[PDB]
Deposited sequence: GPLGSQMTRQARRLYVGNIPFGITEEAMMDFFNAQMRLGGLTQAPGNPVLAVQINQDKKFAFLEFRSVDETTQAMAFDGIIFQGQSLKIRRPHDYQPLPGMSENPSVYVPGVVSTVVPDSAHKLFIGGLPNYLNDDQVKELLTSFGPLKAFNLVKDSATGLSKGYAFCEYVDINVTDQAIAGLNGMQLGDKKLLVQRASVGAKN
C-alpha cells in the first residue's frame, strides 16, 4: 500500500512491550497481520501493519498501521500471548486524542487485558515459581474462571518473572474461589499468598 498520511502518524502507532526474546521485525509483523485478519478486524485486502521497529535493547517495539481505525482496533489485542508472553499494547505517550466516540471498537475472544486497575476484587498472587511464564500463570488462574485482566510482574532487566502477579476475574464471585484454591499452596521453599491486592499493597 501507499505510505501513511503523516498527520495521522501519531494515531497510527502503538507501543508493544514484553516482546519475546530474539523476535524479528518480520515475525512480529506477520503475527499481528495474521491475528487481525483471523479475528475479522481487518477486511480490506493487504496488511494492516506497515512496519515494526524493535528497540535496540530488544524489550519493546513500535508498530505502525496503515489506518487510524485499525490502530484503535489493535489496542484490543493487549495481553495477547505471543511465544508465551503477554504483549503489553499501549498508546505512544505523546498520543493526546480523542474524547468523542480511541478505544478498541470490538473485543477479541480469549484475549485478556494486561491493564489491571486497583479495585475491590483485584487479586495479588505471590510466591509463584519463576520458571512459569505469563501463559502458564494465566492458565493456572483461568482454571477457576475467565479473567478480565492479568499481569505477571517481571524484572525489567532480565525478563525473569519476579514471582508475583495480579488479576481480575470476569465474575467477582470467582475471586474467593481462587483464593480458597491457591492461598497457602506450598512449593518447596515458597508458599503462595493469594488475597485481594488491597490487603497487602504498599503505602
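In this entry, the deposited residues absent from the coordinate set occupy a single span, 102.
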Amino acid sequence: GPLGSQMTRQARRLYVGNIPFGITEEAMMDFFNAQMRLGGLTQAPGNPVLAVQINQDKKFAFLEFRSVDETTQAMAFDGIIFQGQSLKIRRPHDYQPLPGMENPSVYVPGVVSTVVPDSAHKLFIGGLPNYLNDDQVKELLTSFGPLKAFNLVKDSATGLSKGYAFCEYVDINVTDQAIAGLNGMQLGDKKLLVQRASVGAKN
From here on, numbers count along this sequence of modelled residues.
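For the pair 89 to 97 and 113 to 121, the record assigns the higher mean C-alpha temperature factor to 89 to 97. For the two regions 183 to 191 and 17 to 25, the entry's Cα B-factors average higher over 183 to 191. Set against one another, the Cα B-factors of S143, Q136, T158, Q177 in the record reach their highest point at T158. The PDB entry gives the largest Cα B-factor of the residues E70, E168, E64, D57 to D57.
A51 sits in the middle third of its chain by CA B factor, as recorded in the PDB entry. In the PDB entry, a CA B factor belonging to the lowest third of its chain's modelled residues is recorded for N173.
Compared with the other modelled residues of the chain, the Cα B-factor recorded for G84 ranks in the middle third. Remark: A44 belongs to the highest third of its chain, ranked by C-alpha B-factor as recorded.
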